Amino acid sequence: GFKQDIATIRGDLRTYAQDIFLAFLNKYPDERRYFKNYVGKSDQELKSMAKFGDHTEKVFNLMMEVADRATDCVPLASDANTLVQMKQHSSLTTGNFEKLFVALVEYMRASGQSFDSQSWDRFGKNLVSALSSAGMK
């Protein structure tokens, strides 16, 4: 289930982090306008960039702690507040988070792993709701 999937991702975090984030950027290529130096590059050229692996692992490090601190896929309001008040997230609306979780769930449903993809969908939805309550447009 959801709690298990957390441990699964954390067991091979950078690989899942890069692969899921690549799924997101390939599903929604105009999302790359929020990042610097990601455009014009294939999967293998994002992966030999130093910052891509590092930054993206940090993203999922935090995503897994937010998931881990959740109850029944409901994230802490304090975790949503952190995500909204991060300088690096100042350009975002909740719709950017919706796209990420749509791509995440799609990735899980296509993988050869026994993920609980319905829970990740509930979690993405609950996080969007929480981001709105914490004041993200």
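Between two forms, the rigid core is defined as the largest C-alpha subset superposing within 1.5 Å. In this text, residue numbers run from 1 along the sequence as written.
Here 46-54 and 63-71 are scored by the root mean square distance of their C-alpha atoms in 7 other deposited structures of this protein, with each structure fitted by the rigid core; the higher score goes to 46-54. The PDB entry records a higher mean C-alpha B factor for 35-43 than for its counterpart among 35-43 and 64-72. Relative to one another, 54-62 and 79-87 have unequal mean CA B-factors, and 79-87 is the one with the higher figure. When all modelled residues of the chain are sorted by CA temperature factor, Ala103 is found within the lowest third. Per the deposited record, the Cα B-factor of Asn26 falls in the lowest third when ranked against the other modelled residues of its chain. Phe123: CA B factor lies in the middle third for its chain, per the PDB record.
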